[PDB]
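S.K.: Take a look at the following structure, please.
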Amino acid sequence: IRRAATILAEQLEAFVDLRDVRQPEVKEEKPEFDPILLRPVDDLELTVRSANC
DNA sequence: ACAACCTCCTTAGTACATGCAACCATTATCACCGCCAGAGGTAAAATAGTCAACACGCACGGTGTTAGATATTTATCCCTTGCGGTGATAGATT
């Protein structure tokens with residue numbers, strides 16, 4: 001039975017021990033000079049399976 | 001001379017508002033058939049070309065080997081649980 005009653009048993013920690021959970025936003029909107037960043041992987045001199053994935 | 005009035009005459013002007021569902025037929029009717037148009041047909045040559053031949057030449061895909069990645073296994077680590085000790089809350093007062 002326990003998993004079949006868990007959305008009623010594990011609904012109790014819900015009211016105490018009161019630390020919680022969440023995710024962010026992290027990027028910027030792109031792009032300008034100097035062209036040190038304005039380059040594809042072509043500029044790196046690296047292998048082919050890397051260049052596929 | 002006219003006026004409107006008595007009576008049933010007929011005429012004909014209208015009939016509230018919002019919305020949804022359904023599919024689009026019936027006619028017969030000589031169009032004759034004669035002429036000839038530019039105008040349908042097609043042979044022979046322009047506007048130009050097919051695809052088979054023998055060459056040409058290349059791409060692609062499958063079989064083979066290699067690569068490395070991934071999902072497993074293992075084991076480690078931390079973040080979490082639940083209870084407990086005792087916390088300065090909640091809020092009444094200063």
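Chain labels A, B, ... are given in the sequence in which chains occur in the structure tokens; within each chain residues are numbered consecutively from 1, and ligands are likewise numbered from 1 in the order shown.
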Please produce, as a Markdown table, a per-residue contact table for chain B versus chain A (criterion: any atom at most 12 Å away, only C-alpha atoms (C1' of nucleotides) considered), showing the nearest atom pair and its distance in Å to one decimal, sorted by chain then residue number.

M.R.:
| residue | atom | partner | partner_atom | distance |
| --- | --- | --- | --- | --- |
| B:67 | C1' | A:49 | CA | 9.8 |
| B:68 | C1' | A:49 | CA | 9.3 |
| B:69 | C1' | A:49 | CA | 10.6 |
| B:80 | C1' | A:17 | CA | 10.5 |
| B:81 | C1' | A:17 | CA | 9.7 |
| B:82 | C1' | A:17 | CA | 10.2 |

S.K.: Step one, run DSSP on the backbone; step two, keep only residues of chain A assigned to helix (DSSP H, G or I); then write them as a list in words.

M.R.: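 Secondary structure check on chain A, helix (DSSP H, G or I): residues 2, 3, 4, 6, 7, 8, 9, 13, 14, 15, 41, 42, 43, 44, 48, 49, 50, 51 and 52 of chain A.
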
S.K.: So what do you get for atom CA of residue 24 of chain A versus atom CA of residue 36 of chain A, distance-wise?

M.R.: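 Computing it gives 28.0 Å between the two atoms.
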
S.K.: From the options A:5, A:41, A:26, A:21, which residue's atoms come nearest to residue 53 of chain A, counting only C-alpha atoms?

M.R.: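 Closest to residue 53 of chain A, using only C-alpha atoms: A:41.
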